[PDB]
Each structure stands twice: as C-alpha cells, then as structure tokens.
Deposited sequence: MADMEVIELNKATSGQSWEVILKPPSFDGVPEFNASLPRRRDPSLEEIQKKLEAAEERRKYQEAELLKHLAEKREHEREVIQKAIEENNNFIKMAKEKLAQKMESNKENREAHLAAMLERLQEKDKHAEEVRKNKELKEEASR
C-alpha cells in the first residue's frame, strides 16, 4: 500500500491509499431565450387544445338550439296542417249540405211548375 498525505485541518485530516496503479496511463475520452421559447411553445399547445375543446362544446350548444328550434317548427307545421285540413272539410261539408238542400227544393219547384200545367190543361178543356 502506497499511502499519500493530502491535507490536515482544524476538524479533519485526509490522505490517499493506493493499492495498485492504473493498468492504463492517461484517461480515454440552452440559452435563456431557447428555454422561454420552449415554455411558450408548450403554452400555445395547451391553449390551442383548450380552444378546440371550447369549440366542440360551442358546436354542441348550436346543435341544442337547432333541436329546440326543430321541435318548435314541427309544432308550427302540425298547427298549419290541422288548420288547412279543418277548413277544407268544413267548407266541403257546407257546399255539400247546401247542394243537397238546393236539389231538394229544386225537385219540389218542378212539382210546382207541373201543378201549373195541370191547372192550365184543365181550363183548356
């Protein structure tokens, strides 16, 4: 063992114990802006992802309004079709009932004209 003294101080002492010398003589063989550029780039990716999330939720909001609007349109169309249907059949039934009463008074008035011809044929004799 080759002992070699290193240093001696107030609270300590140090040396070096050497058992074998080396087999081999010798020994074989980000700036501040770069950092802030990389921290800023990660923030813009974070913010871009948040913006795309809020964009997809905003797309949901618009669909929700579109659903609500579709139902209001269906209810309006139901009304418009019930209104035109009902007016159609009420006017058709009126015309029909009036045409019956007119035919029935027409036939009776023919009887009336015939009576006049009977009474004239009588005075003819």
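Checklist line | Chain regions without C-alpha coordinates, deposited sequence numbering | finding: Several regions go unmodelled: 1 to 3, 33 to 42, 139 to 143.
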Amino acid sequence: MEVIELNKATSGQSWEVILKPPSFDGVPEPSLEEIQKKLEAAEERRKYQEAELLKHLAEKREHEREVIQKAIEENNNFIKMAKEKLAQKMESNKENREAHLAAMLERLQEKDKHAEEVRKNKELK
From here on, numbers count along this sequence of modelled residues.
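Definition used throughout: the rigid core is the maximal C-alpha set that superposes within 1.5 Å between two forms.
Notebook entry, point to check: Superpose by the rigid core: which stretch, 20 to 28 or 113 to 121, shows more Cα shift in 7 other deposited structures of this protein?
Noted result: Output: 20 to 28, the stretch lying farther off on average in 7 other deposited structures of this protein.
Margin query: So, looking at the entry's B-factor column for Cα atoms, which has the higher mean, 18 to 26 or 107 to 115?
Written below: Per the PDB record, 18 to 26.
Checklist line | Third of chain Cα B-factors occupied by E73 | finding: Within its chain, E73 is a lowest-third residue by C-alpha B-factor, going by the deposited values.
Checklist line | Entry-reported Cα temperature factor of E50, expressed as the chain third it lands in | finding: For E50, the deposited C-alpha B-factor lands in the lowest third.
Next item on the list: Comparing against every modelled residue in the chain, figure out the third that the C-alpha B-factor of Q88 lands in (lowest, middle or highest).
Entry: Its C-alpha B-factor belongs to the middle third of this chain's values.
Note to self: Sorting by Cα B-factor within the chain, modelled residues only, which third would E43 end up in: lowest, middle or highest?
What the structure shows: According to the entry, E43 has a C-alpha B-factor in the chain's lowest third.
Next item on the list: Report the third (lowest, middle or highest) to which the CA temperature factor of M81 belongs, ranking only the modelled residues of the same chain.
Entry: For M81, whose C-alpha B-factor we compare with every modelled residue in the chain, the answer is the highest third.
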